[PDB]
Amino acid sequence: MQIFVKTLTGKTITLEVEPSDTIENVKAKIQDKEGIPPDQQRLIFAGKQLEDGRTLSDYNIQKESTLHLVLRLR
Amino acid sequence: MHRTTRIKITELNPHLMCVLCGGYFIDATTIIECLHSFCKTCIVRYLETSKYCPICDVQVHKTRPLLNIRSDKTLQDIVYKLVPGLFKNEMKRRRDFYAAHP
Amino acid sequence: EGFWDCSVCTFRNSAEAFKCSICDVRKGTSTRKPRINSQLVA
Amino acid sequence: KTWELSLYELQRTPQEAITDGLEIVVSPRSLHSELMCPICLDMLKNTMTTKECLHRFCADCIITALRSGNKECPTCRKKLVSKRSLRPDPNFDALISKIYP
Amino acid sequence: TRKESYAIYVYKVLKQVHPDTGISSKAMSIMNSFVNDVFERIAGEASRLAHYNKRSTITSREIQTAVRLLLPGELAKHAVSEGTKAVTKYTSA
Amino acid sequence: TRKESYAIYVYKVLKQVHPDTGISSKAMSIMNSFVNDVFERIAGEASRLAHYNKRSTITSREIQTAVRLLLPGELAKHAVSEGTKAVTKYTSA
Amino acid sequence: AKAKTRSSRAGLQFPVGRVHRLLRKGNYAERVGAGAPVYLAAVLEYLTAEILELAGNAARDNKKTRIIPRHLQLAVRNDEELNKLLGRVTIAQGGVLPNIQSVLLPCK
Amino acid sequence: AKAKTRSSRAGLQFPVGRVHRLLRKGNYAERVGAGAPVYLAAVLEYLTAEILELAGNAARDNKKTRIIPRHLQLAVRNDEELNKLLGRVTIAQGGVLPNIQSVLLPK
Amino acid sequence: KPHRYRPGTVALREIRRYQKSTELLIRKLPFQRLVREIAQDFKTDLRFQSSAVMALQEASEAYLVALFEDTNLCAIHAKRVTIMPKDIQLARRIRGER
Amino acid sequence: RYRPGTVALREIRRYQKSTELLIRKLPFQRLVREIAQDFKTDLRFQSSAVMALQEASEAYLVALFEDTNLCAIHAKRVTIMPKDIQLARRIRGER
Amino acid sequence: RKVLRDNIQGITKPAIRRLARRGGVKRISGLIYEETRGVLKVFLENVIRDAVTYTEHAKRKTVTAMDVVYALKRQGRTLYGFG
Amino acid sequence: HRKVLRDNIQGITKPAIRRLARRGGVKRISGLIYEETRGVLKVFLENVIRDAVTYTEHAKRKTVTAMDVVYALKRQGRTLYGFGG
DNA sequence: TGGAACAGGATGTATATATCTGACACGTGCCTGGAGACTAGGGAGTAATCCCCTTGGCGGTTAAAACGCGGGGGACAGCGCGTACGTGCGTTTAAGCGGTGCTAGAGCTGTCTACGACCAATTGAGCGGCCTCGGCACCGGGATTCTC
DNA sequence: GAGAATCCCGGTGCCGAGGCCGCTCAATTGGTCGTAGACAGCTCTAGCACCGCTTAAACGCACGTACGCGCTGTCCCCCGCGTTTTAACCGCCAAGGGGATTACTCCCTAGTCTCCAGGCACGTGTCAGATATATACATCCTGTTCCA
Ligand SMILES: [Zn+2]
Ligand SMILES: [Zn+2]
Ligand SMILES: [Zn+2]
Ligand SMILES: [Zn+2]
Ligand SMILES: [Zn+2]
C-alpha cells in the first residue's frame with residue numbers, strides 16, 4: 001500500500017504506508033525522509049483537513065491516493 | 001608671416017558701429033540666437049520693451065529675453081585694439097564721472 | 001450558493017470566504033482559475 | 001539678476017564716433033592672442049562661435065575636435081552637444097578680411 | 001451639452017455580477033478611462049492590420065486578430081470565445 | 001509592379017552635401033526606413049492633435065506642433081525654421 | 001415596425017450602436033463591417049465583467065459595500081494577466097501592494 | 001501651360017506631391033490642407049541632410065568613399081540628439097561604439 | 001532611562017503604515033508653487049485648473065515611489081541596507097533615462 | 001604566456017571594432033524552426049526573415065550584457081554572475 | 001507677478017522620507033534628498049513643457065487636466081481617473 | 001513531414017556567448033551565464049516568433065516573411081532598420 | 001632576503017602594394033501618377049454674450065517642519081585562503097561553400113456577386129436635474145500585539 | 001514586564017449613490033446603388049532536400065593564479081526623541097478673465113477631367129574595396145639587476 005504526497009513546490013513523494021497507520025506515524029516518516037517539522041505540516045484530502053486522532057481507514061484512503069501537503073511557518 | 005598694415009578706418013567703421021546708439025562698442029554684448037552685437041546699455045534698454053532683435057527681428061526668447069545675451073570680451077578687445085584712443089577717452093570719462101559723485 | 005473548491009489546495013471553502021483558509025489564495029473568476037506560480041512554501 | 005544697470009550705465013552718453021580722416025596701423029602681432037584659433041594656433045578662417053561660452057574656433061578645427069571626442073569646449077571645458085551649438089561668424093570673417101587680406 | 005460615457009453599462013455589468021455591491025464616482029471614472037483606452041488600442045491594431053493587408057474595411061477577423069495580438073493567454077482565449085458567440089448569436093437572430 | 005522609394009531624393013541630398021561620396025544599397029535601405037518612420041510618427045501626432053481639438057483638417061500648424069513635440073531641442077528649432085521658410089517661399093509665388 | 005436594439009439582438013449589455021458610430025467616426029478605415037462592433041462590444045463587456053468581479057471580491061473581503069480605487073488597484077495588481085495588460089497604467093488614489101524585502105525583516 | 005512641380009516651387013528636393021498623396025490616403029484626417037505637405041517635406045529633407053552629412057564625414061574619415069551601415073551607426077550614436085531620437089531603433093550591421101569601462105583597464 | 005526603541009523598528013512601522021495608506025504625501029501649496037515656477041519659463045500669465053495640479057502630483061508621487069523601489073533593490077544587491085545616489089543613478093541608467 | 005586579462009581585452013577591442021554576426025547561422029535557423037513548430041505546423045521561412053531574427057537577437061543580447069556588466073561593476077566585482085542578469089531584467093521590467 | 005524663485009526646497013526631507021517608506025526603504029543617506037529634488041525637477045520640466053505645448057496649440061491660456069493626461073500618455077505615463 | 005526538433009538551443013555555444021559578452025564589454029564570465037543566456041534568448045525568440053506567426057496566419061499565407069518579423073518587432077518596441085518597411 | 005627598473009623575445013596590429021570583382025552609377029523606354037482648370041458646398045474664421053471658475057486676500061488653529069542631542073549599528077578597509085576561471089594545446093565535429101533538382105506556393109488577372117455607404121422618418125434610450133437615506137470618516141474607549 | 005501601536009467595537013453625522021422624471025437626438029428600419037473582394041485560373045520563383053569537400057571552429061584536458069568570499073575591527077553618521085516655531089489648511093469673501101456657446105458668411109479643399117513628363121524596370125561598363133602578402137611599431141611578459 002503506497003500513497004503520494006504533493007507539496008507546494010510541485011514535488012510528489014511516494015510513501016509506503018499502511019491503512020491502519022495513524023497520521024502520527026505518517027508525519028514521523030515525513031520528518032525522517034524529508035526533515036519537515038511536525039508543527040509545520042497540514043494534510044489535505046477530500047476537501048478536508050485530517051484530524052490529529054484519526055487514522056487512514058476512517059477517511060477510507062485507498063491505494064494510489066494523493067494527499068496534499070501545506071507548510072505554515074510557526 | 002603677415003606684414004604691418006595701414007588701413008582707412010572709415011572702411012570698417014560701418015561694420016564696427018553700434019546701431020542703437022550710433023557710437024563705438026562700449027561693454028559689447030551679443031545676442032546668441034542670431035549673434036548680433038550691441039552696447040550693453042543699448043540692448044538692455046531696448047529689451048525691456050521688445051522681445052525681438054532690432055536687426056533681423058528674430059524672437060530672442062519666449063519669456064525672458066535677458067536669458068540669451070552674453071557679454072563678449074572678444075569684440076571688446078577687438079574695438080579697443082583696432083580703434084585708437086577709445087580706451088583713454090573712456091577711462092578719463094569714468095574717472096571724471098567718479099571724481100564728483102562717489 | 002454552495003461551497004467552492006480551492007484550486008491550489010482543493011480544501012472546500014465556504015461561500016462567504018474569498019481567500020483560502022489555509023493557503024490564502026484569492027478566489028478566481030468563474031472562467032479563469034488562479035495559477036500556482038505566484039509564491040513559494042515560505 | 002546680474003543684469004541690473006549700474007549708476008554709470010543707466011544714463012551714459014554714447015561715445016562719439018571718430019569721423020576724422022585718419023588711418024589705423026596694426027602690426028602682425030597686435031591682435032595675436034585675440035585672433036589665434038585655440039586649436040590650430042593659426043589665423044582664424046571660417047570662424048564658428050559657441051552659443052553658451054562665445055568661444056571662437058576654426059570650423060574644421062572644431063568639427064574634427066568634436067568628432068574625435070570630449071564634447072566640451074576646449075577653452076572653458078563647458079559641454080557642447082553637436083554642431084548645432086555653434087553659429088557662423090561673418091562679422092569676424094569680414095573683420096579678418098579687411099585686417100589681414 | 002451632453003457627455004457620453006459608459007457608466008450605465010458598467011453599472012449593469014456590476015449588478016449582473018455582484019447584485020449587492022455599489023461603486024463610487026472615482027472608481028466609475030477609472031472604469032470609463034479603462035474602457036476607452038482598451039477600445040483605442042484594439043481599434044488601432046485593427047486599422048494597422050487592415051492597412052498592412054491592403055484592405056479597405058475592418059471586419060470581425062481583424063478584430064479577432066487584434067485581440068489575439070493584444071490580450072495575453074487565457075484572457076485572449078476567452079475573449080475570442082465570447083466574441084465568436086456574440087457574433088453567431090447576432091447573425092442567427 | 002513598381003515599388004516606390006526615396007532613393008532618388010536621398011541621392012540628390014547626398015550629392016548636395018558631399019559631392020564625391022557614394023552610398024551602398026544597405027545604407028540606402030536604412031535611410032528609406034528612417035524616412036518612413038519619421039513620416040509616420042509626425043503624421044500620427046498631427047492626426048491625434050487634430051482629433052483632440054475637434055478639427056477635420058490637418059494643417060501646417062498641426063505639423064509644426066507635432067515637430068515641436070517630437071524632435072528634441074536644436075533639431076526641432078532648425079526643423080521649424082526650415083519648414084516656415086519653405087512654406088513662405090511656396091506661398092510667395 | 002418595432003425597434004429592437006442590436007445589443008438585445010446579440011445578448012449584450014454594451015452599446016453596439018455607439019461602438020459602431022465610434023468606429024465609423026474614428027478614422028480607422030474607409031469602411032467598417034457589420035460584425036466588428038458586436039465583437040468589440042463583447043470583448044469590452046468580458047473585460048469589464050472580469051475587472052468588476054475581482055474588484056467586488058476584494059472589496060467585500062474587506063467588509064465594505066462600495067468599489068473604490070484601492071480595490072481596483074488591488075484586483076489589477078493581484079491578477080497576473082491583468083497586471084501584464086495594465087503594466088504602464090497608473091491608477092489614481094490606488095496606493096501600492098504591501099510587500100517588504102525579507103532581508104529588511106528580522107528573523108531567527 | 002508648362003507643368004512646374006511643387007517641389008521646385010518650394011525649392012525642395014523631396015516629393016511634395018507624393019507626400020500629399022500619402023497624407024491623403026493614410027487615414028490621418030478627413031481633409032488635408034494645402035500647406036501641410038511642404039512643411040513635412042522640408043523637415044524630412046533637413047533630417048536626411050543632417051544624417052547624410054555626418055555619414056559622409058565618417059565615411060571620408062575612414063577613407064571609405066562610400067557610406068556603410070557602420071558609418072551610419074557611428075554618426076547616429078555619436079550625437080546626443082540623434083541618439084535620443086533613435087533610442088529604440090536598431091541598425092542592421094551597425095555594431096557598437098568602442099567603449100570600455102575604466103575599472104576594467106589594467107592597473 | 002526612558003523608553004528607547006532600537007533603530008529600525010520605527011522604520012518598519014512607518015513602512016507598514018504608509019504602505020497601507022493611500023493619501024498623497026507632499027504638501028499641496030509647495031507643490032503648486034513649484035509647478036507654477038517651473039511653468040513660468042515656457043509661457044507667461046498662465047492659469048491652472050485644480051485637477052491639473054492634482055494629476056501632476058499623483059503622477060509625480062507614483063514615479064518617485066517606483067524609483068525608490070528600484071533604488072532599494074539596487075541597494076540590497078550591493079549588500080547594503082542604506083540607499084545611495086549611486087543606487088539611484090544606476091537604477092535610472094538601467095531604466096534608460098540617462 | 002600572457003597573464004589573464006590581456007587576451008580578454010584584445011578580444012573586446014577586436015569584437016567592438018567589427019560588425020559581423022557572432023552566432024552560427026545553421027544552428028540559429030534550426031532553433032528558430034524548432035521554436036516555430038509549436039505554433040503552426042509545416043511553415044516556411046524567408047532567408048531575410050531568419051537574418052532579421054538573428055540581428056535582433058544579437059543586438060538584444062549585447063545590450064543585456066552591457067547592463068549586466070554595469071550591475072557587476074556596481075557590486076564591486078569584475079565577474080558577471082546570473083543574479084546580475086536577473087537584477088538587470090527586473091529593473092528593465094521584463095520580469 | 002512675483003519672480004517666484006527658489007521654490008524647490010518645499011519638497012521637504014520628511015516628505016522624501018515618507019515617499020521612501022512607502023517604497024519600502026529602511027535606511028536613507030544624506031544626499032538622497034538633493035538627488036530626489038533634481039530628479040523631480042527634471043520630470044516636472046518634461047511634463048510641463050509637453051502640457052504647455054498642447055495648451056498653446058489649443059489657443060487657450062489655462063492648462064487643463066486633459067492636457068496633462070495627454071502629455072503623460074505621450075511620455076508613456078498613462079494615468080487613469082481624471083478623464 | 002518532419003517529426004520533431006530537439007536540443008537546438010545547445011547550438012548556441014559557449015564560445016558564441018563569450019563573443020557576445022566580449023562585444024558587450026565583459027572581462028570575466030561565470031559558469032551559469034551560459035544557461036541563463038540560453039533561457040533569456042529562448043523567451044525572447046518565443047515572443048517574437050509568436051507575434052510573427054500570428055501576422056502570417058492572419059495574412060492567410062504559409063510562409064513567414066521579413067515584413068512580418070519587422071512588424072512583430074515594431075509591435076514589441078524593437079524597431080529594426082534595413083530589411084524593409 | 002625582497003621590490004622597483006630594464007632589456008629582449010613573442011605577438012597583435014596598422015601600414016605599403018597588387019588582384020579581380022561584383023555592385024554602383026549611368027543611359028533608355030514608357031506608363032502611370034502628378035499638374036492645370038473649374039465647380040460647389042460645408043468647415044472654419046470672426047464677432048458677441050454669458051457666467052464658471054480661477055486668482056488674491058484675511059484670520060485662526062493647530063499639524064507638521066526645523067534644530068539639537070546622545071549612541072549604537074552599519075559602512076568601509078585590511079587580511080587570508082582556496083576555488084573557479086583564463087590560457088594554451090591537440091583532437092574531433094560539422095559548418096560553410098558550390099551545385100543540382102523539384103515543386104509548393106506567392107503573385108497577378110478576370111468576373112460577378114453580395115455587402116456597406118447614404119438618405120428619410122421616427123420613436124425610445126440615455127443624459128440633465130433633483131432628492132433622499134444609508135455607508136463610510138472620524139470620534140472615543142478597551143483589548144490585543146509587538147519591542148526592548 | 002513596562003510601554004507604545006494598532007485591531008475591535010459602538011455612536012454619530014453628512015454627503016453623495018442611486019433612484020426617478022422630462023426631453024431630444026441618435027440608433028432603427030427600409031430601400032437603392034456602386035464597387036471590394038471572393039473565387040477560379042495560371043505562371044514562375046524561390047524555398048527545401050541532397051550531395052561531397054575542406055578547413056574553421058568547437059571540445060576536452062591540464063595548470064597556475066587572482067579574485068570572490070568570509071572575518072574582524074573601528075569609527076562616524078543616521079535614528080529616535082524632545083522642544084520650539086512656522087506656515088498649511090480651512091472657511092469665507094469678492095472680482096473679473098476667459099472658456100464655452102451661437103450665428104453668419106466666405107473661401108478652401110474635395111471631386112472630375114485632361115494632359116504629359118518623372119520616375120521605375122532593365123541593361124551594362126568600370127573601379128572601390130576585400131583579400132592576400134610582407135613589414136615595422138606598440139603591448140606585453142619574464143628573467144635579470146641594483147638598492148634597501
Ligand atoms: Zn539679430
Ligand atoms: Zn550702443
Ligand atoms: Zn487553498
Ligand atoms: Zn567655451
Ligand atoms: Zn583653427
Side-chain angles (χ1 to χ4, degrees), chain E residues 1-5 8 11 22-25 55-57, chain F residues 1-2 4-5 8 11 22-25 55-57, chain G residues 1-6 15-18 20-21 24 30-34 64-66, chain H residues 1 3-6 15 17-18 20-21 24 30-34 64-66 106, chain I residues 2-11 13 16-17 27-30 47-50 80-82, chain J residues 1-8 10 14 24-27 44-47 76-79 81, chain K residues 12-15 27-30 60-62, chain L residues 13-16 28-31 61-63 65:
Chain E
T1 75
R2 293 178 179 83
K3 284 202 51 43
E4 294 154 18
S5 84
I8 47 175
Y11 204 110
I23 170 154
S24 73
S25 71
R55 285 322 171 73
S56 323
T57 179
Chain F
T1 46
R2 54 211 281 151
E4 329 171 322
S5 89
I8 318 294
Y11 213 80
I23 172 152
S24 90
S25 149
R55 295 301 211 221
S56 325
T57 319
Chain G
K2 187 59 186 178
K4 214 182 261 183
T5 51
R6 273 189 269 178
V16 171
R18 178 177 299 186
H20 195 129
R21 160 165 80 64
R24 258 193 238 129
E30 144 152 37
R31 37 160 73 179
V32 305
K64 302 214 159 312
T65 71
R66 284 211 220 290
Chain H
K4 194 152 41 173
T5 50
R6 279 184 276 177
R18 178 177 296 180
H20 194 195
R21 200 213 33 206
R24 274 208 307 254
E30 175 185 0
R31 294 153 90 262
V32 163
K64 300 303 172 300
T65 74
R66 278 195 289 240
Chain I
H3 200 185
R4 204 46 160 139
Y5 280 107
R6 324 261 301 281
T9 295
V10 172
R13 203 161 59 200
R16 265 190 261 281
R17 162 188 173 181
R27 297 294 133 204
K28 309 301 185 69
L29 312 190
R47 305 159 95 79
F48 287 88
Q49 289 187 334
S50 70
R80 296 186 271 97
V81 314
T82 308
Chain J
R1 62 180 295 175
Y2 294 90
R3 304 221 271 261
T6 289
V7 184
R10 288 201 281 98
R14 191 183 132 191
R24 304 288 93 191
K25 299 198 166 45
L26 259 59
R44 283 164 127 77
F45 276 89
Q46 291 192 336
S47 63
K76 264 172 211 173
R77 310 183 318 261
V78 289
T79 313
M81 312 194 334
Chain K
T12 52
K13 173 162 100 63
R27 233 162 175 268
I28 324 182
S29 176
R60 294 179 332 246
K61 327 209 189 310
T62 304
Chain L
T13 47
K14 159 185 168 181
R28 214 164 186 266
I29 299 145
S30 175
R61 280 192 324 257
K62 280 188 266 312
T63 306
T65 62

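These values consider heavy atoms only, across backbone and side chains, with no hydrogens, waters or symmetry-generated copies. Chain letters run A, B, ... following the sequence lines, proteins first, then strands; residues in each count from 1.
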Chemist: Using whole Å, report how far CE of J/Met81 lies from P of M/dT83.
Modeler: 17 Å
Chemist: Nearest heavy atom decides the nucleotide; on that basis, is H/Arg31 or L/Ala16 closer to the 5' end of DNA chain N?
Modeler: L/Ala16
Chemist: What's the closest nucleotide to the K/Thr12 side chain, out of N/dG99, M/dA66, N/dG129?
Modeler: M/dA66
Chemist: For J/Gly5, does its backbone N or O pair with a side-chain atom of L/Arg28 as donor and acceptor, under 3.5 Å?
Modeler: no
Chemist: Please figure out whether F/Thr57 or I/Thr9 has its closest DNA chain N nucleotide nearer the 5' end.
Modeler: I/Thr9
Chemist: N/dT109 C1' sits how many Å from H/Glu30 CD, rounded?
Modeler: 11 Å
Chemist: Provide, to the nearest angstrom, the distance between the CZ atom belonging to J/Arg44 and the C1' atom belonging to N/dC48.
Modeler: 6 Å
Chemist: Without decimals, in angstroms, what is the distance between E/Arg2 CZ and M/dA125 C1'?
Modeler: 11 Å
Chemist: Need to verify one output field. Residue with the more 5' nearest nucleotide on DNA chain M, G/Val32 or K/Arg27?
Modeler: K/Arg27
Chemist: Counting only side-chain nitrogens and oxygens, does I/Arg6 get under 4.0 Å of the OP1 or OP2 atom of M/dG73?
Modeler: yes
Chemist: More than 12 non-hydrogen atoms from neighbouring residues, nucleotides or ligands closer than 6.0 Å to CZ on J/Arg10, yes or no?
Modeler: yes
Chemist: For the side chain of G/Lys2, counting heavy atoms from C-beta on, which of M/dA125, M/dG124, M/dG33 is nearest?
Modeler: M/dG124
Chemist: Within this structure, what is the OG-CD distance for the pair F/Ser56 and H/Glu30, rounded to the nearest 0.5 Å?
Modeler: 5.0 Å
Chemist: Using OP1 and OP2 only, check whether a side-chain N or O of J/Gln46 sits under 4.0 Å from N/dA46.
Modeler: no
Chemist: Is the phosphate of N/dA4 approached by I/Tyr5 (side-chain N or O, under 4.0 Å from OP1 or OP2)?
Modeler: no
Chemist: Output the rounded distance in Å from CZ (G/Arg66) to P (N/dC15).
Modeler: 14 Å
Chemist: Quick one: CZ on G/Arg18 to CZ on G/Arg21, what's the gap to the nearest 0.5 Å?
Modeler: 6.5 Å
Chemist: Separation of K/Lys61 atom NZ from N/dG98 atom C1', in whole Å?
Modeler: 8 Å
Chemist: Can L/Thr63 and J/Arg44 be counted as having a side-chain donor-acceptor contact under 3.5 angstrom?
Modeler: no
Chemist: Give a yes/no on whether any side-chain N or O of F/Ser56 is located under 4.0 angstrom from OP1 or OP2 of M/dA44.
Modeler: yes
Chemist: Would you say G/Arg6 reaches N/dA27's phosphate, i.e. side-chain N/O to OP1/OP2 under 4.0 Å?
Modeler: no
Chemist: Please round to the nearest 0.5 Å and tell me the distance separating atom NZ of I/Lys28 and atom OG of I/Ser50.
Modeler: 10.0 Å
Chemist: Using whole Å, what does the distance between atom P of nucleotide M/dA84 and atom CZ of J/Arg77 come to?
Modeler: 15 Å
Chemist: To the closest 0.5 Å, what do you measure between NZ (L/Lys14) and CD1 (L/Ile29)?
Modeler: 9.0 Å
Chemist: Using only side-chain N and O atoms of L/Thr63, determine if any of them is under 4.0 Å from OP1 or OP2 of M/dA106.
Modeler: yes
Chemist: Just by the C1'-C2'-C3'-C4' torsion, is M/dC115 north or south?
Modeler: south
Chemist: Please determine if a side-chain N or O atom of G/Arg21 lies less than 4.0 Å away from the OP1 or OP2 oxygen of N/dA27.
Modeler: yes
Chemist: Among the candidates M/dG88, M/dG135, N/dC120, find the nucleotide nearest to the side-chain atoms of F/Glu4.
Modeler: N/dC120
Chemist: Which atom names give the shortest non-hydrogen contact between H/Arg66 and F/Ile23, and what distance separates them?
Modeler: CG-N, 4.2 Å
Chemist: Of the options M/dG88, M/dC136, M/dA65, whose atoms approach the side-chain atoms of J/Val7 most closely?
Modeler: M/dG88
Chemist: Tell me whether the OP1 or OP2 atom of N/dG68 has a side-chain N or O from J/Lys76 closer than 4.0 Å.
Modeler: no
Chemist: For a quick test of reading the model: is some side-chain N or O of E/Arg55 closer than 4.0 Å to OP1 or OP2 of N/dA36?
Modeler: no
Chemist: Quickly work out the G/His20 NE2 to M/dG116 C1' distance and round it to whole Å.
Modeler: 8 Å
Chemist: Between M/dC85 and L/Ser30, is there an OP1 or OP2 to side-chain N/O distance shorter than 4.0 Å?
Modeler: yes
Chemist: Closest approach to the side chain of J/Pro27, judged atom by atom: which nucleotide of M/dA95, N/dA27, N/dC140 is it?
Modeler: M/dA95
Chemist: Please state whether the phosphate of N/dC120, meaning OP1 or OP2, lies under 4.0 angstrom from any side-chain nitrogen or oxygen of H/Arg18.
Modeler: yes
Chemist: What does E/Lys3 touch in the nucleic acid at a heavy-atom separation under 4.0 angstrom: a base, only the sugar-phosphate, or nothing?
Modeler: sugar-phosphate
Chemist: Closer than 4.0 Å, any side-chain N/O of J/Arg3 to the OP1 or OP2 of N/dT142?
Modeler: yes
Chemist: Quick one: look at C1'-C2'-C3'-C4' in M/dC139 and give me north (positive) or south (negative).
Modeler: north
Chemist: Taking only the side-chain nitrogens and oxygens of F/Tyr11, find out if one of them lies under 4.0 Å from OP1 or OP2 of M/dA25.
Modeler: yes
Chemist: Think J/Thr79 has a side-chain N or O under 4.0 angstrom from the OP1 or OP2 of N/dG68?
Modeler: yes
Chemist: Nearest-nucleotide wise, let me know which of J/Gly5 and I/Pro7 is further upstream toward the 5' end of DNA chain M.
Modeler: I/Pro7
Chemist: Which part of the nucleic acid does I/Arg27 contact within heavy-atom distance under 4.0 Å: base, sugar-phosphate only, or nothing?
Modeler: sugar-phosphate
